[PDB]
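Notes follow the structure.
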Amino acid sequence: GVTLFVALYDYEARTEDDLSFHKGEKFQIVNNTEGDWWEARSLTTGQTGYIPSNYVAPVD
């Protein structure tokens with residue numbers, strides 16, 4: 001299914017394991033099966049890290 005997600009709000013990371021992003025930034029979800037923080041890869045930077053899942057929505 002749709003595994004590409006878009007940021008609804010900006011987020012500035014505090015820990016080194018989280019990605020920072022702006023609204024509209026796109027992500028490939030790597031793992032959304034463990035917790036409310038999803039492992040994701042930024043489609044802009046290619047970096048993989050953790051994002052707060054309530055900040056994103058499927059692109060379609």
Side-chain angles (χ1 to χ4, degrees):
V2 177
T3 64
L4 282 314
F5 280 72
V6 61
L8 293 169
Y9 323 90
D10 277 22
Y11 172 76
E12 292 294 318
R14 185 182 295 276
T15 49
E16 51 208 16
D17 63 349
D18 301 329
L19 301 188
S20 298
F21 52 87
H22 307 282
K23 180 183 178 194
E25 185 160 339
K26 293 179 179 179
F27 300 92
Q28 166 71 274
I29 304 307
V30 176
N31 200 328
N32 71 350
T33 68
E34 272 134 10
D36 298 328
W37 291 78
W38 293 351
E39 193 180 24
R41 182 167 69 256
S42 169
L43 267 297
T44 301
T45 72
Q47 294 289 322
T48 297
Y50 282 85
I51 61 161
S53 61
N54 283 284
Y55 281 64
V56 296
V59 298
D60 287 294

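Heavy atoms only: backbone and side chains are in, while hydrogens, waters and symmetry mates are out. We're numbering straight along the sequence, starting at 1.
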**Request:** Would you give the length of the straight line joining atom CG of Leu8 to atom NZ of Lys23, rounded to the nearest 0.5 angstrom?
**Result:** 8.0 Å
**Item:** Residue list, side chain to side chain donor-acceptor pair (under 3.5 Å) with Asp17, at least two apart or on another chain
**Value:** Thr15
**Request:** Output all residues satisfying side chain to side chain contact (heavy atoms under 4.5 Å, CB included) with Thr3, sequence neighbours left out; order by chain, then residue number.
**Result:** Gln28
**Asked** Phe5: what forms a ring pair (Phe, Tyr, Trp, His ring centres under 6.0 Å) with it, not counting sequence neighbours?
**Response** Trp38
**Complete:** When rounded to the nearest 0.5 Å, the distance separating CG of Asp36 from CD1 of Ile51 is 12.0 Å
**Complete:** The side chain to side chain donor-acceptor pair (under 3.5 Å) partner of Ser42 among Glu25, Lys26, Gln47 is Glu25
**For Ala13, side chain to side chain contact (heavy atoms under 4.5 Å, CB included) partners two or more places apart** = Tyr11, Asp18, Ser20
**Message:** Would you say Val2 ends up clustered with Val56 if hydrophobic residues are merged whenever their side chains have heavy atoms under 4.5 Å apart, either directly or through other cluster members?
**Reply:** no
**Asked** Are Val6 and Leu19 connected in the hydrophobic side-chain network, where two residues link if heavy atoms are under 4.5 Å apart?
**Response** no
**Any residue meeting side chain to side chain contact (heavy atoms under 4.5 Å, CB included) with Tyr9, in chain and number order, not counting sequence neighbours** = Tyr55
**Message:** My understanding is that only residues two or more places apart in sequence, or in another chain, count here; which of them pass ring pair (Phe, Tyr, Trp, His ring centres under 6.0 Å) with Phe27?
**Reply:** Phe21
**Prompt:** When rounded to the nearest 0.5 angstrom, what is the spacing between CG in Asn31 and CZ in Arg41?
**Reply:** 12.5 Å
